[PDB]
C-alpha cells in the first residue's frame, strides 16, 4: 500500500497575518485599516487616520498606536475617518475588531453596508413590526422584535 | 431442426452449381418457400384427422446478435414465436440465456396449463414492472420495491441446466409471486428450491399438519394440472407447506449460512449453490 | 415534379428489363444524365429570347434523412440550391418544417426585391445567431 | 388541435429523454417536467386492451368512442388530470376507467401500508 | 465455477467501458469502480510471457500449472488480493511471481523517494 | 522558417482563443497576450484586395512579390513592427503599403480631434 | 469493510440489477415512481379528509 | 434576554443580518445580499438504503436546537 | 450490414446529441464560474488574522489519536458531478488517514453514497446547500451546530483550494477544541513567545488580550472564527467545483 500519497496544505498558511512586535521604535501616523464582511473584503489595508466603533460596553475611538485590545462589536453603525478629513460610515452586524500596536486594525464582521444604501422609509415600517413582535408574548417572537429593534434603533437615531 | 441455416447453404450450393440465378446473400431467392413448405406442415390436426400434432423447434444460428440476416428474417416471418438467446447473458452468467424482451410466443395462455395461466400472468406483470426498475443499482436496500425482490429471485429460479418437472416448477414460482421467498437473499434462492423440492423440511422437523400436500410424492402434478393451484382444496395446504419451509429455512439454514466467515467454509458453501443452480 | 425519385425507379425498370448494364442501387450510368436532360431545360432566358423563364421545384423523397443516396446526391449536384424539410420539426408544430442550415439558395439576393434584401439580410443575421444561442441554452 | 398538440408534446418528450439520460430530471424547469409527465401519461394512456388480446393481456377489451377520446386527451393536455397517477392510464380505455383504476391502486397501497403497520405490531 | 465468475466480471467491465471511455472512472459507484479495478487486474493477469516471444517481451517464459491457475483466480475473485496494484499482474505467471514483482516495484518506487530526497538536499 | 513560425503562432492563438472565451484576456501572461496581438495582426494581414473586384468594390489590388512578403512577415514576427495598430493590416498588401494607411488613420483621428477641440472651444 | 460489492457469490451483497433492463431509461423511471407514490400517499389523505 | 433562551451567538448575528438586508435600498447590492440571508439548504442522513432528513437542528433562526 | 449500419447510425447521432448536451453543461458552468472568479480578486483576507489564533505547529496524526477520544472530519463535497477527482481524492485521504476514533459529517450528496459504502459506521450524515443562493455566514454556523453535537477534540475540515483554473489542490483546517484551545491559550500566554514552527506568526499579545476578554465573549470568539474558517472552505470548494467541472467536461468532449 502506498505510504500517504496525499499531503494537504494547511489552509491557514495561504494568508499573511501580522507579526505582532512589542515595538522598539516609534508609531506610524495612520492606522492600516482592513475591514471584512462574510468572505469578501471591502477595504484591504487602506491608510486611515482614525476610526470609531460601537460595542456592548459602549462606543470607542481608535488612533495610531492604540492599545492592543479585542472585544465584541454591538450591532449598529461604524464611523471611519480618512486622512483627508472625509468620513465614511458603515452599518454592521456584530463581529470582532483587533487593533495592533503597530497600527494595523483587522475587523471581521458578518455584514457591512454604507448608510447611503438604506432609506428611512422602509426602515420605519419594520419598527412597529418589531414592536408588535416584542409585545406579542412568545419566546420565539419576542426576541426577534428585541433584536431587530437593537439594529434599527441606532439607524433610526443616526439618520436623524 | 438443428441449424436450418446449414440447410440453406446446401440449397444455395445446389442451385448455384446447377446454374440457377443467385439472389440476396447469394441465395436463389425462393429459400423462403423452402422453410415455408417445411414449417407449415406443423399443425395441431383436427379431431377429424385424429387430434394429432407435431411441434417444431427450428434452430437458426446468429452472428453478432443481429436479426437482420436474410434467412433469420425469413424464419421469424414464418414461426409463431421465438426463443432469443443472447450471448451477453450467456456470457453474463445466466443459463439458459433467454432474453424475454425479444422472445415471445403467439399462442400464450391457450397453450399452457390452467395452473400455469395464473402464475404466468403474474410473472408477466411482475417482469414488466421489474423491467422498468432493474436498471437501477439498488440504492434503497430496505426501501426496495417488492417487485425488485420477487423479480430477482425469479431470475435465480430461471437458472437451470436440465428440464424441470411441472410440479417442481410452479411451487418454486408461486412462492416468488406471493412473496414467501422475500426474506431470504438472492444467492440462496435455489438451495431453498432444492429443499423445497427434494428435502421436505416439515416432514423432517415434525411440522406435519398438511394432510396430503408434500413434494415427495410427485404424483400431485396431475391433481395440480387438473384442479389448479388457485383451488379451494389446494391453496391453503400449499401455503401451509411453504410458510413452514420458509420459517425452517430462515431459522435453521439461512442463519447458519450468514455466520460463515472462513474462506474454506465459504468456498464450500459457494460451490454448493452452483450445484443447486445446475441440478434444479 | 412530384416526384423524381419514382421517375428513377421507372428508368431502372426499363433499363434493367431491356438488359442495360446496371450500376449503383441497380441504376444505370446515365441516370444522372437523365435528370440533367431535364433540369437544365430550366433557365432564365436572354432578352434576345423573350426574357421568359422556366423554374423548377423538383421533389425528391429521402428515407431516414439520408442525403448520401444516389439520386439525392445527383439532384443536389445539379440544382441551384435546395430546400430540406424535416419531420422532427413538422411534428413540433413547425410547418413548413425547413432546416434552414441545410436549405440553401445559391441565388441569394439577385432574386430578392429591394424591400426584401434588407429584411431577409437582417433575418440571416438574426437566425444564424439564434442557433448559436438556442443550441447552447438548456431545456429550462 | 389536440392531436397536433400531442404530437408537438411527444417531440419535446424525446428531446428530454435525450437529456434526462445524461443530466437528470433535476436539470429541467418545472414547466418542462410538467410536459415530461404529460407525455409520459399520454404514451401510457394511448395504450388500450383489446378483446382479441384476452389471451395475452388477461383483461377484457374496451371500446372507446371518438367524442370520449378527445375530452380525455384534451383534459390531460391542459393539466386537468395531473393529480391522477401515471400507471392508472396504463392499459385502459377512457378517462372514466382511469379513476376506477386509480382509486383501486390507492386501496391496494393502503393495504400494504396498514399491513406493514400490523407486521410491526406483530413483531 | 471460477471461470463462470471471471467471464461474468468481464461482461460487466465491458458494459462499463462505454462510460469510462466517455466520463471517467471517477463517475462510477464505489462498487462499480471496485469491479473495474478488479477486472483490469484479471485482464492484466491473463497476460503472461512465452519462451518463444522472449525477443519481444524481454522476459523468460513461465509455465502455469492448471491447479495453480485456479487458486490465483479464486484469490483475485474473492478480493483476497486487492492491495496489490494493477501493474504487478502484467506479464507474469502465477501469483507468487506477482508478489515478487510487487516487491520489486515497491522497492524501486520507494528508492526513487530516497533518491529524490538526496537530489533535493544536494540541490 | 518564417511560415512555420506563423503556423506555430496562429495555432497557439487558436488555443489561447479557446482560453480567452472561457477565462478572459486578463488571465493570460504578458508573453501570451503579445502573440494574441500579433496573431490577430497576421490574420488581418492575410486579408488582401484584388484588382479583379477593383471596379465592384472600388479599392485597388496589390500584386505583392514573394521575397518582400517574407521580409514583411519576418518583421511582424520579430516584433520590429508592433506599434502599428491591428486594423491597418486589414485589406492591404506589403509592409510598405500599410504604413500609408497607418498614417492615414492617425491623420484622420487627429483631424477628428482638431475638429472636436475647436468645435467645443468655439462654443 | 472496504466495500460489500454485489456478486453471484453469497458473501457478496445481493444484486437486484437485470441485464435485460436498460440503464438509459432508469432515471425517468425513478422520477416517475417517486412522484407516483407521492400522489398515492396524498390520495389516501384526501379520502380520509 | 435571548441569551438564556438557548439560541447561539451566530444565529443572533444572522438575524441581525437578515434585518439589515431587509431595510436597505433596492439595487445591485440588495441583489447580492438577499442571497446571503435566504435559507434553501437542508440536511440528510443515509438509512439502510434510503435518505432521511436530520431534523434535530433546523435552518430557520427562530427555532432552537434540541 | 443493415442492422450494423443502423447500429452505427444510432451511435453517431446519439453522440452528436450527447456532445451538445455536455457543451450545455460547460456554458452553464461558466455562467456560474465568472460570477465566482470575482472572489479571486477579493481573496485571502477574512482569515488573515484568524490563523493567528487557531493555528499551531503541524502536529503528527499518531500522537493526536492518543491524546484525543473522538476526532472529527468535515469533507466538503458537491451536489452534481462531472467535476473530477475532488470528491474521490477527498475520500482517498480519509481512508489514508482512517483510524478508530473518527466521525464524519460531510457536505454534498456525493459523500452520502460514497462514505457510507467505504466508512460504514463512522460516517453519520451530511449537509446540502442547493446553490440557488450564495453561501451565508449562517450556513457555516449551521454546520457548526452539527459539529457541536459531538464532544470532538479536533475537527479537521477538508476542502479544495483553488490555486488556479488548472490546479485545485486539497487544503485542511485543523481546529482544536474550545476547552483545549483555552488551555493552550493560557499555557502559551504565560511563557515567553517563541515561534515553534517556521512560517508561523507570533501571537503572545493576542493570547493576553483575549485573557482580558470575558467568558461568554471568548466562547463567541472561538465559534465565530471557526464559522469563518468553515465558510472559506465552502467558498473555495464552490469555486473549485466550477473550475474542475470545465476541465473534466472539456476532456469528455
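Protein chains in written order, with the entry's author numbering: chain H, 17 to 176; chain C, 283 to 562; chain A, 283 to 422; chain D, 379 to 501; chain F, 379 to 501; chain E, 379 to 501; chain N, 20 to 68; chain I, 2 to 67; chain G, 3 to 255.
Just so you know, even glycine gets a beta-carbon here, dropped at the ideal spot from N, CA and C.
Grab the span of the beta strand (DSSP E) containing residue i for me, first residue to last.
{"i": "residue 114 of chain H", "result": "112-115"}
{"i": "residue 106 of chain H", "result": "103-108"}
{"i": "residue 166 of chain G", "result": "156-166"}
{"i": "residue 400 of chain A", "result": "Unbroken run through residue 400 of chain A is the alpha helix (DSSP H), 396-418; no beta strand (DSSP E)."}
{"i": "residue 388 of chain E", "result": "That residue, residue 388 of chain E, is in no beta strand (DSSP E); its alpha helix (DSSP H) goes 380-398."}
{"i": "residue 46 of chain I", "result": "43-47"}
{"i": "residue 77 of chain G", "result": "74-77"}
{"i": "residue 52 of chain H", "result": "47-52"}
{"i": "residue 64 of chain H", "result": "57-64"}
So which residues of chain H does residue i contact, with C-beta pairs closer than 8 Å?
{"i": "residue 3 of chain I", "result": "159, 162, 163"}
{"i": "residue 222 of chain G", "result": "88"}
So, at 6 Å on beta carbons, what are the nonlocal neighbours of residue i in its own chain, with the 5 sequence-adjacent residues on each side left out?
{"i": "residue 142 of chain G", "result": "229, 232, 233"}
{"i": "residue 559 of chain C", "result": "441, 472"}
{"i": "residue 190 of chain G", "result": "209"}
{"i": "residue 459 of chain D", "result": "453"}
{"i": "residue 179 of chain H", "result": "Any answer about residue 179 of chain H is impossible in this case: the structure gives chain H only from 17 up to 176."}
Give the interface partners of residue i over in chain D, defined as CB-CB distance under 7 Å, in chain order.
{"i": "residue 305 of chain A", "result": "Those do not exist, as residue 305 of chain A stays about 38 Å from chain D at its closest Cβ, beyond 7 Å."}
Listing by chain order, which chain C residues have their CB less than 8 Å from the CB of residue i?
{"i": "residue 424 of chain F", "result": "Neighbours of residue 424 of chain F on chain C: none; closest Cβ ~16 Å, over 8 Å."}
Which first and last residues belong to the alpha helix (DSSP H) in which residue i is found?
{"i": "residue 357 of chain A", "result": "352-360"}
{"i": "residue 18 of chain I", "result": "10-24"}
{"i": "residue 501 of chain E", "result": "Taken as a continuous stretch (DSSP letters only), residue 501 of chain E belongs to no alpha helix (DSSP H), as it is neither H nor E."}
{"i": "residue 64 of chain N", "result": "45-67"}
Run down chain F in chain order and give the residues with a C-beta less than 7 Å from the C-beta of residue i.
{"i": "residue 470 of chain C", "result": "Within 7 Å Cβ-Cβ: nothing; residue 470 of chain C doesn't reach chain F, min ~16 Å."}
Could you pull out every residue in the same chain whose Cβ sits closer than 8 Å to the Cβ of residue i, ignoring the five residues on either side in sequence?
{"i": "residue 563 of chain C", "result": "Any answer about residue 563 of chain C is impossible in this case: the structure gives chain C only from 283 up to 562."}
{"i": "residue 50 of chain H", "result": "57, 59, 60, 61, 62, 120, 121, 122, 123"}
{"i": "residue 530 of chain C", "result": "483, 484, 487, 489"}
Going by beta carbon distance, what residues of the same chain come within less than 7 Å of residue i, once the five residues before and after it are set aside?
{"i": "residue 110 of chain I", "result": "Outside the shown range of chain I (2 to 67) lies residue 110 of chain I, about which nothing can therefore be said."}
{"i": "residue 326 of chain A", "result": "335"}
{"i": "residue 60 of chain G", "result": "199"}
Which bits of chain F does residue i rub up against, with CB to CB less than 8 Å?
{"i": "residue 25 of chain N", "result": "409"}
Which chain G residues are close to residue i, counting only those with a beta carbon under 8 Å from its beta carbon?
{"i": "residue 454 of chain E", "result": "Neighbours of residue 454 of chain E on chain G: none; closest Cβ ~30 Å, over 8 Å."}
For residue i, which residues in chain G fall below 9 Å Cβ to Cβ?
{"i": "residue 350 of chain C", "result": "3, 4, 5, 6, 8"}
{"i": "residue 51 of chain I", "result": "Chain G residues near residue 51 of chain I: none, gap ~11 Å exceeds 9 Å."}
Applying a beta-carbon distance threshold of less than 7 Å, which residues of chain G neighbour residue i?
{"i": "residue 27 of chain H", "result": "163, 173, 174, 175"}
I want to verify the contact list: residues of chain A whose CB lies under 7 Å from the CB of residue i, in sequence order.
{"i": "residue 25 of chain G", "result": "418"}
Since residue i meets chain N, which of its residues come closer than 7 Å, beta carbon to beta carbon?
{"i": "residue 398 of chain D", "result": "46, 47"}
Residues of chain H with CB under 7 Å from residue i, in chain order?
{"i": "residue 63 of chain I", "result": "156, 160"}
Listing by chain order, which chain C residues have their CB less than 7 Å from the CB of residue i?
{"i": "residue 385 of chain F", "result": "373"}
Using a Cβ cut-off of 8 Å, pull out every chain A residue sitting near residue i, in sequence order please.
{"i": "residue 30 of chain G", "result": "420"}
*beta strand (DSSP E) segments (min. 3 residues) lying fully within the region 20-56 of chain G*: none
*asked:* Whether or not the region 420-435 of chain F and the region 475-495 of chain D are in contact is what I'm after, with contact meaning three or more pairs of Cβ atoms, one per stretch, closer than 8 Å; do they touch?
replied: no
*Jot down the residue ranges of each uninterrupted alpha helix (DSSP H) in the region 299-343 of chain C, minimum 4 residues, whole runs only, in chain order.*
313-321
*Which runs of the beta strand (DSSP E), 3 residues or longer, sit entirely within the region 99-147 of chain G?*
125-130
*Residue ranges of each alpha helix (DSSP H) run of no fewer than 4 residues wholly in the region 432-473 of chain D, ordered along the chain?*
432-435, 451-455
_Complete runs of the beta strand (DSSP E) confined to the region 199-228 of chain G [at least 3 residues]_ = none
*Which whole runs of the beta strand (DSSP E) in the region 453-526 of chain C are 3 residues long or more, in chain order?*
none
*Do three or more CB pairs link the region 446-457 of chain D to the region 400-409 of chain D at distances below 8 Å?*
no
*Is the number of C-beta pairs between the region 32-40 of chain N and the region 401-415 of chain C that are closer than 8 Å three or more?*
yes
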